[PDB]
């Protein structure tokens, strides 16, 4: 089966300047129906196709896939190659993780954090999805 959530925060953009991972509003999968199933696995893709980060010390952004128990399943990020980008551009980002649905976890969600004091931004379509299969 497929589980999927998307956002498209054009009218009210998202941002963070947190050094620690915080939730991206709306980018959460409800896996309730599949909880406590030791024979199922989720293959999870976080798709942030159009982020950017503002700042003046080689800015960038980090993303993670995290369970509701705080288990970080995967992480990665983008950064620019100049200390002060002229106009920080859009650096497409995708991240893939897996999770055994044996546990009571009912939500798998996206988080983000900054780097070197940046502010990370999302103002357009992004998604999180999973394919759930028998082991």
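Residue numbers count along the first chain shown, from 1.
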Exercise. State which stretch shows the higher mean Cα B factor in the entry: 24-32 or 42-50.
Key: 24-32
Quiz item: Would 123-131 or 6-14 have the larger average of its C-alpha temperature factors, as given in the entry?
Solution: 6-14
Practice problem: Please pick out which of 94, 57, 79, 72 has the largest Cα B-factor as recorded in the entry. | Solution: 57
Practice problem: Between 67, 88, 103, 62, let me know which has the highest C-alpha B-factor in the entry? | Solution: 103
